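Form deposited without ligand PHU, single chain, as structure tokens, below.
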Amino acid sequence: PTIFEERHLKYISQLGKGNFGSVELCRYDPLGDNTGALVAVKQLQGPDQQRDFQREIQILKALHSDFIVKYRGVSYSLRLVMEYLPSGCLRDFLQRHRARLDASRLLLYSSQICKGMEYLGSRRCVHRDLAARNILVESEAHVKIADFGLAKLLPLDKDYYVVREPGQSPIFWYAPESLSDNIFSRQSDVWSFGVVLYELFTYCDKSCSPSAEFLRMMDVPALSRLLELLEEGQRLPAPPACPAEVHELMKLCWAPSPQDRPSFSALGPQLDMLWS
């Protein structure tokens, strides 16, 4: 079942557009009667790009967690086939359901994302793009981490990596060491996780989003302006009505030095205690 024939993948619509890729909603319909299952299909639109896409497929196929989007297979590598979660990403879900979801529910999502991240860390996988737009909703009480387009495996003898060119992602989720020196690690994923906790507790309201709020708080360019703000110790403010303990955890995720941030394994029990 891990080999999907191209002729049987029926295009429905666009789910997203990446760096040099796209994700489409397709129906895998071998019977041709519209009764087949819906799937999310990623494809490249370059020899390095092809190598990186094959790397992504190999990473996702080797991840088995209730908190990581499921790999289904490949089509010939021409396309990466994943499960489709019709509730879509957490960012939009929170905006739609804000008046229904309480602090307990946000802590449950936080705990699930943390468990997914502890698991990725155990596989020596740096995600590099953790954000509420990349977290999917399986059900009202179950979320999963998605978007492995920038994920990288750490070699056995090195706990970080350096990128030659600065990143192309919206800058507001990057750890200071990534902004300054293009260094990524499981500890920079912890920094981004703190921003995801911020997103959850603001219900992804656009008016106090990481972009809107950092830009408001901010000749010198935006990247350098953000790095200056962060280096001064300025941070995103506690979301409206945020539990104090939750804001304290965000601040720990945003410790200036990566070695001072808590690990996902240390955050996990703290989030579970707050949820209980």
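Start at 1 with the first residue shown and count on from there. Whichever C-alpha set is largest while still superposing within 1.5 Å between the two forms counts as the rigid core.
Asks: When the core is superposed, where do the C-alphas shift more in 4 other deposited structures of this protein: in 99-107 or in 151-159?
Replies: Greater root mean square C-alpha distance in 4 other deposited structures of this protein: 151-159.
Asks: Report the stretch with the higher root mean square CA deviation, pooled over structures and residues in 4 other deposited structures of this protein, choosing between 227-235 and 29-37 after a rigid core fit.
Replies: Relative to the shown form, the greater RMS C-alpha distance in 4 other deposited structures of this protein belongs to 29-37.
Asks: If you look at the other compared entries where the surrounding residues are built, does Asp219 lack coordinates in a third or more?
Replies: Per the records, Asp219 goes unmodelled in at least a third of the other entries.
Asks: Would you please confirm whether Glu140 lacks atomic coordinates in a third or more of the other entries that were compared?
Replies: Residue status for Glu140: no gap in any other entry.
Asks: Using what the record says, work out whether there is a hole in the model between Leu229 and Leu230 and how many deposited residues it spans (none, 1 to 3, 4 to 9, 10 or more).
Replies: Missing in between: none.
Asks: For the higher mean C-alpha B factor in the entry, choose 239-247 or 62-70.
Replies: Stretch with the higher mean C-alpha B-factor: 239-247.
Asks: If you take the mean CA temperature factor per stretch, which one wins between 155-163 and 83-91?
Replies: Stretch with the higher mean C-alpha B-factor: 155-163.
Asks: From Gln112, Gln168, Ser185, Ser122, pick the one with the largest CA B-factor in the entry?
Replies: In this record, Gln168 carries the highest C-alpha B-factor of the candidates.
Asks: If you rank the chain by CA B-factor, which third does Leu25 end up in: lowest, middle or highest?
Replies: For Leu25, whose C-alpha B-factor we compare with every modelled residue in the chain, the answer is the lowest third.
Asks: Ranking every modelled residue in this chain by its Cα temperature factor as given in the entry, which third contains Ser178?
Replies: Answer is middle: the recorded C-alpha B-factor places it there.
Asks: Please say which third, lowest, middle or highest, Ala40 falls into when its CA temperature factor is compared across its chain.
Replies: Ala40: CA B-factor falls in the lowest third of its chain.
Asks: Considering only modelled residues of the same chain, in which third does the CA B-factor of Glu138 rank: lowest, middle or highest?
Replies: Middle third, going by the recorded CA B-factors of the chain.
Asks: Split the chain's modelled residues into thirds by Cα B-factor; is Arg105 in the lowest, middle or highest one?
Replies: Answer is middle: the recorded C-alpha B-factor places it there.
Although not depicted, the form solved in complex with ligand PHU is the subject of the following passage.
Asks: Counting heavy atoms only and using a 4.5 Å cut-off, do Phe214, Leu226 and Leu236 all touch ligand PHU in the deposited bound form?
Replies: Each of the three qualifies.
Asks: Taking 4.5 Å between heavy atoms as the contact cutoff, choose which of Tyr109, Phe184, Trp191, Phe201 touches ligand PHU in the deposited bound form.
Replies: It is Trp191 that has a heavy atom within 4.5 Å of the partner.
Asks: Just to confirm, with a 4.5 Å cut-off on non-hydrogen atoms, which of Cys242, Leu230, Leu249, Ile59 contacts ligand PHU in the deposited bound form?
Replies: Contact check passes for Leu230.
Asks: Is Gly36 part of the interface with ligand PHU in the deposited bound form - any heavy atom within 4.5 Å?
Replies: Outside the cut-off, so no.
Asks: Mark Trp254 yes when one of its heavy atoms lies within 4.5 Å of a heavy atom of ligand PHU in the deposited bound form, and no otherwise.
Replies: Answer yes; at least one heavy atom of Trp254 falls within 4.5 Å of ligand PHU in the deposited bound form.
Asks: So in the deposited bound form, does any heavy atom of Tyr119 sit within 4.5 Å of ligand PHU?
Replies: Residue-level check for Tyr119: no, no contact with ligand PHU.
Asks: Are any of the heavy atoms in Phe172 no more than 4.5 Å from a heavy atom of ligand PHU in the deposited bound form?
Replies: Yes, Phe172 sits close enough to ligand PHU in the deposited bound form that at least one of its heavy atoms falls within 4.5 Å.
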